[PDB]
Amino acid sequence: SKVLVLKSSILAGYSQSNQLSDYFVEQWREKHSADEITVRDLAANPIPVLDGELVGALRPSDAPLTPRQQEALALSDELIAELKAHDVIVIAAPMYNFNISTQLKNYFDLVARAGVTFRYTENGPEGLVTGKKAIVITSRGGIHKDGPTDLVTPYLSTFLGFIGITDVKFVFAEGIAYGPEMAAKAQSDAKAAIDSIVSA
């Protein structure tokens, strides 16, 4: 198949989720070497903030668009085509201030578009990005998993399910802020979880 890797950390080479994404990539190339892999780093190639002007680019219109709107529309179309073009979608979602990173959020805000990645319907909202497996690699400083301060995990499930990606496996790298021994254990635990997704 084709694997999409989205990175969203603001910590570059020091990023725990990026080191895990990279590992994922190495393991996929090893086991499934026909497959092509695309990596988009939403920190190194930043998506603009959704503001009052750019939101108009995302609505179906025959009104003229400002230069920024045109650019934001073309960038929207490129992100969505890329997303639809891949089978396995890997999303690094570090938690910052109990949310995902703004770098990832801006990608979602350009990707969620009525009549393109979802559509309204007699029988509720329906997702149009179909037939995908998503793996979410989520790194955190503290320990949040299965608890009430983990809003990141239910939100990703909600947003991805919305646009049609309902097959999502979460990999967790938690306790990073406790120091290098805990960071190393997180990496080792998370790497075993990846190993079994890849070898399934």
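For clarity, a rigid core is taken as the largest C-alpha set superposing within 1.5 Å between two forms. The first residue of the shown sequence is 1; numbering continues from there.
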Subject >> Comparing 157-165 and 171-179 where Cα RMS over structures and residues is taken in 6 other deposited structures of this protein (core fit), larger one >> reply: 171-179
**OP:** Compare 93-101 with 121-129 and report which one shows the larger root mean square C-alpha deviation from this form in 6 other deposited structures of this protein once the rigid core is superposed.
**Re:** 121-129
Original post:
Across the other PDB entries of this protein that were compared, is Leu50 absent from at least a third?
Top reply: no
Original post:
At least a third of the other compared entries leaving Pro64 unmodelled, is that the case?
Top reply: yes
**OP:** Report the stretch with the higher mean CA temperature factor, choosing between 22-30 and 168-176 on the basis of the entry.
**Re:** 22-30
Subject >> Selected stretch [higher average CA B-factor]: 39-47 or 146-154 >> reply: 146-154
Subject >> Most elevated Cα B-factor in the entry, residues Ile100, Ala114, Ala74, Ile91 >> reply: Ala114
Subject >> Third of the chain's Cα B-factor distribution that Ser139 belongs to, per the entry >> reply: lowest
Subject >> Ranked C-alpha temperature factor of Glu122 among modelled chain residues, by third >> reply: highest
Subject >> Ranked against its chain, the third holding the CA B-factor of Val55 >> reply: middle
Original post:
Would the CA B-factor of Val129 place it in the lowest, middle or highest third of its chain?
Top reply: highest
Original post:
Which third, lowest, middle or highest, does the CA B-factor of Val3 fall in along this chain?
Top reply: highest
